Number of protein chains: 2
Amino acid sequence: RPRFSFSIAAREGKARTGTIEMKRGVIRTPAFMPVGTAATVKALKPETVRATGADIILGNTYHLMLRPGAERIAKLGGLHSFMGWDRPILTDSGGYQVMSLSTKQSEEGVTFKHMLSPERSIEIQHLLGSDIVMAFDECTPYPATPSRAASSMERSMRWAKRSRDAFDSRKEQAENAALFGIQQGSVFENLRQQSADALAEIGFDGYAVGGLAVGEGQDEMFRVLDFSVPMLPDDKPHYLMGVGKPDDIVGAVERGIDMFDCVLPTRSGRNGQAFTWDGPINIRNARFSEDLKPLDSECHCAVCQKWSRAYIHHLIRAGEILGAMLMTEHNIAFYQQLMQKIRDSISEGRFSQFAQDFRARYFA
Amino acid sequence: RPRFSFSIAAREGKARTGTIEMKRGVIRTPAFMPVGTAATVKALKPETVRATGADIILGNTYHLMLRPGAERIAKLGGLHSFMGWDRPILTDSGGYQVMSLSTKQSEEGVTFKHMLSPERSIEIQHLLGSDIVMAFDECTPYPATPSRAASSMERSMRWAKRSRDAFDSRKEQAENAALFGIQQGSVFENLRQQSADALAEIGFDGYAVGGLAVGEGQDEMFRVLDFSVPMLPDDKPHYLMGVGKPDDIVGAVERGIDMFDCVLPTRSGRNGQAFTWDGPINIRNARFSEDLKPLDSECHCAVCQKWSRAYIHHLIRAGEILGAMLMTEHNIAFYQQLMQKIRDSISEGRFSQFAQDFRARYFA
Ligand SMILES: O=c1[nH]cnc2cc3nc(NCCN4CCOCC4)[nH]c3cc12
Ligand SMILES: O=c1[nH]cnc2cc3nc(NCCN4CCOCC4)[nH]c3cc12
Ligand SMILES: [Zn+2]
Ligand SMILES: [Zn+2]
């Protein structure tokens, strides 16, 4: 019923658990968003994505704005109808992948081989029918000089204001969707503070920590999160973009993050990597050829209820589509079970113990 | 409950409809068997294969005997457990693909780059836990001289007797599975008769028409079926190997065939060809880019209940796994709906009219 309502039900240290209520559904936080690259979570029907426990998916905009195109998807009834996912979708701005997959940069926006600006990005996300819209920003490369990081962040803040204005100008979008801003500033505490101040001044429904998971490594990422997350408004969701491995997620939650997206469970799945409570395994390895156990001994997913490591080993080695399907369903389910354990442990005031127990076993 | 019981419930001309009862399930005839190439019906979970209406699948033996190997599959609990399909499986002998995918031929069997003989084939199928076992034969190439066809057929008949003996020697196989013989003789009526006589003398649970769908074309295939099928025992199932397109199936049923297998619905599915009552379409074609209709307007499958041509067009053009999944599920469901319409129309004594109506619309 509500457009966007974030409620925090429980806390432990910097960690929070709660819910975001939106018109298309409730999102339990901390949340993991499976990534839909070109209007599909690779190798999964939407009903299967939901069966794993996902409340919301991320829709990449960059590919969709090229093919089939945002106007075409709108003509076909919007992204939800098009792909058959009726729950919330968070769309990215399209700019991150422009820089990584295409470019000419200016104050207006980015030209690439088309022009993408804050205004055009917001309109594209509107045409897709996004529930959570990301402001159009610039992900500062790493490493960056303080001066380069500063000028980059400042441009992102101007683009954040333009994103806000474009979103607010579209009545139907403002009434039915939410808008998140993205903090920049590289690894520099003062710039992160200036960025947080600028975003709070403008005002958003949620705040992402941008500019991380770009090669800096976990120690440095955690160091930056240590000071950066407390700068954001406490009463709104905190979203860490493009993170990450299970241990990255646990540590980020310990530091105040409420939302995550990553291609790892899907991409790894197709490549033969399965996540387990005892760490990742490569199912192609010969040691699994006669292993009748499920991928993970505790996992509640449909794959682990029915098929053996030996069978999935065979499928992946044979290049069979079903191999990709089963690995992906399991990995996404594993990620959702991780999030559920995180939510329950915070709710119960035993998250610290969970984090310690998780790491001891995962890295044994 | 029974090992193998074929009952004919209704007839119209040469067409029959009925059931084969086996320990793992009932098979409604005329039946279409989706093909499982390497212990998977490509891009489908077994539950989805069943949801389309399939009563039985065909398991290719050739690939499995190489990897993971028949002894390994037996150690892992058999093919049914391995792949998660608990209903009947018909296994081929492995010899057809040896000739088409690998060879040295002799009276003992075939050597290839391993030796495959009637005895080894039967043992492999036993290790897999097959419900319907195919005799090991030789598919005569087309065209063939009468003398070459004759010597080839005669060798197949000797191999059929050896297959029978090997099957009967394995108590557990003889008690729980069925054995089909394969008629040869190329396009020659006298040789087809000699082959049928030899097979009936030995005695099988079912009889396949071999040596067809090997380049002869539909007119010639139908011509050979016209005289060949009546030579087989009327009271046992008739199985046409490797057929075929929807119109091939309808015409073969008109000529007395009860069982079919073909890679077309699965293989075509992955390649972008969808079967419809108005003929096949290629979903990649630009004309489908904004088409909100389902693949077929009447189809009862889950794919046609939920997704548009436009979406599947997008998926297939993007090389997305979900595209292969949806196309394959629809095509297999379409084939099963065809078989259901065939069964109902024969039961109701209106199959002739159905065949005419089907062809008029399919080829309009
Ligand atoms: O500042 C950002 N602004 C807008 N989008 C982003 C997306 C981002 N994605 C990553 N990292 C992705 C890490 N992946 C891990 C798996 O393999 C692919 C890379 N960092 C990101 C930062 C930003
Ligand atoms: O005498 C036979 N003996 C044992 N196995 C067979 C398998 C057979 N498979 C075909 N034809 C297959 C036709 N396919 C159509 C679809 O594209 C691939 C070929 N004909 C066949 C004949 C025999
Ligand atoms: Zn699992
Ligand atoms: Zn359909």
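Proteins come first, then strands; the chains are lettered A, B, ... in the order of their sequence lines, and each starts at number 1. All ligand and atom numbering here is 1-based and tracks the order in the structure.
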In the protein, what heavy atom is nearest to atom 13 (C) of ligand 2, and what distance, to one decimal place, separates them?
B:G242 O, 3.3 Å
Looking at the Zn ion (ligand 4), which N/O/S atom of B:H330 is the nearest one?
ND1
Write down the atom of B:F222, the atom of B:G251, and the distance for their closest heavy-atom approach.
CZ-CA, 3.5 Å
Ligand-side contact atoms (ligand 2) for residue partner B:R267, heavy atom cut-off under 4.0 Å
16 (C), 17 (O), 18 (C)
Tell me: protein heavy atom nearest atom 1 (O) of ligand 2, and distance?
B:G211 N, 2.7 Å
Would you say the side-chain atoms of B:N331 pair up with the backbone N or O of B:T266, donor to acceptor, closer than 3.5 Å?
no
For ligand 1, is there an atom lying under 4.0 Å from some heavy atom of A:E138?
no
Contact region, A:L212 to ligand 1, non-hydrogen atoms below 4.0 Å, reads backbone
Are there protein heavy-atom neighbours of atom 19 (C) of ligand 2 below 4.0 Å?
no
Can you tell me if A:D137 has a non-hydrogen atom under 4.0 Å from ligand 1?
yes
Do you see an N/O/S atom of B:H300, backbone or side chain, under 2.8 Å from the Zn ion (ligand 4)?
no
Any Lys/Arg nitrogen of B:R361 or B:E298 sitting under 4.0 Å from an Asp/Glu carboxylate oxygen of the other?
yes
Per-atom filter on ligand 2: closer than 4.0 angstrom to a heavy atom of B:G210 are 1 (O), 2 (C)
Under 6.0 Å between ring centres: does that hold for B:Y335 and B:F275?
yes
Tell me the contacting part of B:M134 for ligand 2: side chain, backbone, both, or neither, using a 4.0 Å heavy-atom threshold, strictly below.
neither
Can you list the atoms of ligand 1 that are under 4.0 Å from a heavy atom of A:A213?
10 (C), 11 (N), 12 (C), 13 (C), 20 (N)
